[PDB]
Structures are given as C-alpha cells and as structure tokens.
Amino acid sequence: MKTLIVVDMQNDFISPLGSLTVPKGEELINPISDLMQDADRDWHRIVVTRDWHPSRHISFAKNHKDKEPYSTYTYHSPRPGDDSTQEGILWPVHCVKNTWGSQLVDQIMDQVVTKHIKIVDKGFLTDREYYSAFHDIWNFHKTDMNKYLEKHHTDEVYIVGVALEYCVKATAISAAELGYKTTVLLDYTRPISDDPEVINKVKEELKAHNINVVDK
Ligand SMILES: [Mg+2]
Ligand SMILES: [Zn+2]
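Taking PDB author numbering, the leading residue of the sequence shown gets 1, the next gets one more, and so forth.
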C-alpha cells in the first residue's frame, strides 16, 4: 500500500520568520495540506517528520569555535574505533526542540493533531547529522520509520516537503535502499538553494537510485 511522507514542514524552514527559510517554502503549505486530504491519492497512511535538535547540536555553527553558519565541517563517525568522516555544512540554529521554530507549520500541525498522524523525529542526537527520516548519516541509529511502514503494509512511499536537496533526497534514498517503490512529487518540494540548477541535479541523483520523480 501507499504511504505519504511529509518531510520537515516546520516553521524554521517554511516561515520567513524562520531561522533557515527555504525560498518559496510557503507555497507548499496549502497544496501539501490538500494532498494529505485527497482521497483519490489512496493514502493508506501519512507520516510527518520533524528535525528535533538540541541547542548544542553538532550541526550548528554556533557550537564551534571560529566557524560561522554555512561553513564546511568534517564530521567524525560516532561509533568508537570507527574513524571515517563526512563533509558537511554547519547551519544556523534551527528546529530546536519545543521551540516555535521546530513546530510543524500550523496548517499541517492542525491535520496531524486532529487526524492523529504518525510523527517521526530525527536529529535529536547531539553528536551527528541526520538528514534522512529513516536513519542518521552513518546508518547507526534508525528511527521507527521503517518499522511503522512495515506494520502498515507499505510497498509504495511518496515523499514531499523540504529541503529538496537535503532531508527530502536523503529520505527518498533510504526508502529506495530499503526496497520501497519510492516517488518524489517534485512540485510539492522546494530546495533551500535559490539555484534552479539544484532541482535538475537532485532529479538525476534520485533517478540513479531508481526513484520516481514526477511533478504532481
Ligand atoms: Mg528566514
Ligand atoms: Zn537540520
């Protein structure tokens, strides 16, 4: 069956008042809300995801001496004895747990609360980045996502939300790797990068992982 995953539709990403606004992100609120309620889409289940960071999170530039937001940083595997590394971006503080910024945007939250929609939080471990809604960048900690999808007989995963080139892409790739027929509905996503070229690049990467990219 089909599960819709709505990725990180949170204030810090969507509102201009947010600390890490996705350009044109406000355009997604109503259409995604409509998508969630559209019976023609045959959603057996909907899952919404949230970045759920502590203020001391390793991904915030603020928590690093002599490093400013949007700078590059070398992350180190948290497993002891493992010494591999990954290139990453240090960010402005965003989606801190229990703050306005980490709240699902009103219109989505309203749906989640009244329809009792499953929430998956990621990014709460201080020591690592966590783009994918399925597991951290090391594939060390997993969320309950996969188990939830399995319980609910999911064979098709549809992904919408923000940011196209980060949490959306990472979640889509996880879903495909785990054997779900995965689709990204492009029109229901936005990149953080105000660069039109970024859309094409992601499109190609997704297709290379056998993920369907359609507009609507
Ligand atoms: Mg802003
Ligand atoms: Zn984040």
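The C-beta atom is built at its ideal place from N, Cα and C for all residues, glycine as well.
In the three-state DSSP reduction, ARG50 falls in the strand class (E or B). By the Cβ rule, the segment 42 to 49 counts as touching the segment 116 to 133, because three or more pairs are nearer than 8 Å. Spanning the alpha carbons of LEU17 and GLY25 requires a straight line of approximately 12 Å. In this structure, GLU129 has its beta carbon less than 8 Å from a heavy atom of ligand 2.
Between ligand 2 and the CB of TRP91, the shortest heavy atom gap is smaller than 8 Å. In the structure shown, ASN212 falls within a strand segment according to DSSP collapsed to helix, strand and coil.
Three or more Cβ pairs closer than 8 Å define a contact, and the segment 64 to 76 meets that threshold against the segment 89 to 101. Of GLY179, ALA176, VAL160, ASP195, the smallest CA-CA separation from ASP187 is found for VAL160. Rounded to whole angstroms, the gap between the alpha carbons of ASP34 and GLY81 is 48 Å.
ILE58 is positioned such that its CB atom lies closer than 9 Å to that of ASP127. Bridge partners of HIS135 according to DSSP: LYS142.
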